[PDB]
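If you want the building blocks of each chain, they are given just below.
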Number of protein chains: 2
Amino acid sequence: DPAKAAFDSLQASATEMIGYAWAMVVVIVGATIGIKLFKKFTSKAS
Amino acid sequence: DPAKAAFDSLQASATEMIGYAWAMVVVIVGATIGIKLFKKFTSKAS
């Protein structure tokens, strides 16, 4: 069955991209939250 | 880590200003107490 094989391959490619997307999100969100806390704690401390 | 360095610098600046503030306080308070004692002892002496 040609269709079975095809869908399997598609689903594997998708799985890989999702992997790369998670990596990126973690970096961007890391920085956003980083800056937010730096601004907040500096103010309270002083 | 960008945050570590940043907080260090802030804390150094603060330490310096506190230094300058102590200098000023010592001058102003020196004079306030000076005048108070001059008024008091002159009265008792006479």
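I would appreciate a short explanation of the overall build of chain A in the present structure.
When helices and strands are tallied, chain A shows one helix and zero strands. Overall, the C-alpha framework of chain A stretches about 70 × 10 × 5 Å when taken along its three principal axes. Here chain A holds 46 residues, and the buried ones make up 0% of them. Of the roughly 4,200 Å² of accessible surface on chain A, a fraction of 74% belongs to carbon and sulfur atoms.

Looking at this structure, I do not really get a nonpolar patch on the surface. What am I missing?
Together, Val25, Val29, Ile33, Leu37 and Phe41 of chain A together with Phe7 and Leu10 of chain B make up an exposed nonpolar region whose accessible area comes to about 580 Å². Counting only elements with at least two residues in the nonpolar patch, the list comes to α1 (2-45) of chain A together with α1 (2-45) of chain B. Among the elements that make up the nonpolar patch, the one with the highest residue count is α1 of chain A (five residues).

Help me understand the UniProt feature "transmembrane region" in chain A, please; the structure alone is not making it clear to me.
The feature "transmembrane region", as given by UniProt, occupies residues 18-38 of chain A in the numbering adopted here. The distance separating the terminal C-alpha atoms of residues 18-38 of chain A is 30 Å; by composition the span is 100% helix and 0% strand.

I'm lost on the environment of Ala45 of chain A in this one. Help?
Residue and element names in this part refer to chain A. If you trace the backbone, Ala45 turns up in helix α1. Judged by relative accessible area, which is 59%, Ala45 ranks as exposed. Measuring from C-alpha to C-alpha, the distance between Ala45 and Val29 comes to 24 Å, with 16 residues separating the pair along the chain.

Reading guide: rules and limits
- Residues numbered from 1 in each chain as written, not as in the entry; some residues may be left out.
- Chains lettered and ligands numbered in written order.
- Part of a larger assembly, values for the part shown.
- Heavy atoms only, no water.
- Helix = DSSP H or I, 4+ residues; strand = E, 2+ residues; numbered from the N terminus.
- Buried < 20%, exposed > 50% of the residue type's maximum accessible area, 1.4 Å probe, protein only.
- Areas by Shrake-Rupley, 256 points an atom, 1.4 Å probe, with all protein chains shown as cover.
- Patch = residues over 30% accessible without salt bridge, like charges linked within 9 Å, V, L, I, M, F, W, Y side chains within 5 Å.
- Salt bridge = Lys/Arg side-chain N within 4 Å of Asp/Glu carboxyl O.
- UniProt positions renumbered as here; feature names shortened; annotations may be inferred.

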